[PDB]
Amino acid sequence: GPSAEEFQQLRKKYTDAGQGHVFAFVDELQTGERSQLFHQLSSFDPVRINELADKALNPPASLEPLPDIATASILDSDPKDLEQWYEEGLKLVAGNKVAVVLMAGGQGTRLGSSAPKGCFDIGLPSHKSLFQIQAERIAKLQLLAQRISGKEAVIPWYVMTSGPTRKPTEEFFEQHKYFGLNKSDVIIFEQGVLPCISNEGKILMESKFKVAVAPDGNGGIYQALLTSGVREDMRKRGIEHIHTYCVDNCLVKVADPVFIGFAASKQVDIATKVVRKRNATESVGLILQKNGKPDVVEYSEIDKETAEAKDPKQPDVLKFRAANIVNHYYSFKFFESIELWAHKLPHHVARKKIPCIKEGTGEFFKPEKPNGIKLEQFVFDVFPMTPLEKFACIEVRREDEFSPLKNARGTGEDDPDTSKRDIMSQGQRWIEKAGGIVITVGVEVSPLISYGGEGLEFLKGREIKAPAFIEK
């Protein structure tokens, strides 16, 4: 019983807003289930929900590649610059100035796992989860940074989850003792939610006592950094540089020192990585300059014309081919401005099949056709807020840096088999370059042995029979 007169004023607000049907079932509810609905409805402003539904449902460009000033490439940067960025990056780690934010609030709808995507075991000989691989890269990088400071290096690991992934993720991290990181340096927090909206603009009811909600997209990171206390913790620690990435990339160079030292040396607010797009239809965002500003056209939003546009003088090469691999740098100073622009991030509309109560009956039904929409903010929608001179984009090698897990085994791409093959082909490559000989497919190299190919001299001359696993 959370008051009765408060229940009344809340009912007025929703009914005035044309959303009174959320109370249609109140008179047959337990006291617990009533209190659930009251509290959760009180967390949403129904007028604001109408505004969003209206823009989504009744909705109302100069478009060029990024100029050369804002762009760089691992593939053709002066090696003096690559070494200098690497060294400076590593200095910043050794200065305890580098934090990581892992975006891991995804559902993995194409993967159809029961567990968080970061728990998934892609069938490596180690059977290590994506999370563990990433934790060991952090572990290894901390050790590398010690080797040029002679002091302990800490990179705090902020892990952003959704309501659906938060509990299993914390249990997994706990069961694995945080993969050998200090639990005090790993913070698990949660992104926010928005209500799912029917095609007619009506809030959808999951049960007779609960509204259907969904995570607010990876662009919900910003808001969540404030409300979780994470930005505060970063400030306390003296963090100045933050690498943000998606959980699903099994090759991700966590806190990559070249990237950090590149961005810091340019004094950007924001930097981002790309790879050459694989073909016209790859499900990647494209980074470009839109209306004079840095920006991303998401794969779900691009038209055929722009996706298939060819380069004037290279008729089989796409004009727009800087594929977003969700690897971002921010200055800490950028995050200090979140309150000024968080509310300006647009809401992207996705038409979704949302299980709910049929308004009228109460029969909790799984719908056939998309009955409603989910709204999501995207992390990269801050790019057009950022001046070109304070933005930087750097090309990396797909085979070293981007191998996403989108689909279930059996698909044939961006799946557990392509992921394993990419990690094991990278390990063989590194071993062969250090003098090792591989019989033979591929070799898994623990990040604790090598972060990025270093430290493998001990393998010179040794014959390794693939498939193998190099651990301590």
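Here the rigid core means the biggest group of C-alpha atoms that line up within 1.5 Å when the two forms are laid on top of each other. The numbering used is simple: start at 1 and walk along the sequence shown.
Of 79-87 and 177-185, the stretch whose C-alpha atoms sit farther from the shown form in 5 other deposited structures of this protein, after fitting on the rigid core, is 79-87. After superposing on the rigid core, the larger RMS C-alpha deviation in 5 other deposited structures of this protein belongs to 147-155, the other candidate being whichever of 125-133 and 147-155 remains. Per the record, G410 and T411 are directly connected, as no deposited residue between them is missing from the model. Where coordinates are absent for parts of the deposited sequence, a chain break appears; between neighbours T440 and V441 it spans 4 to 9 residues. The PDB entry reports B-factors from which the mean C-alpha value can be compared for 156-164 and 358-366; the larger average falls on 358-366. Judged by mean Cα B factor in the deposited record, 25-33 ranks above the other of 63-71 and 25-33. Of the candidates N199, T386, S283, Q289, the deposited coordinates give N199 the top C-alpha B factor. Note on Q267, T306, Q132, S126: the highest value goes to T306, judged by CA B factor as recorded.
In the deposited entry, the Cα temperature factor of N324 places it in the lowest third of its chain's modelled residues. When the modelled residues of the chain are ordered by C-alpha B-factor, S450 sits in the lowest third. Annotation for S403: C-alpha temperature factor in the lowest third relative to the rest of the modelled chain, per the entry. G106: CA B factor in the highest third of modelled residues in this chain (values from the PDB entry). When the CA B factors of the chain's modelled residues are split into thirds, the value for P195 lands in the middle one.
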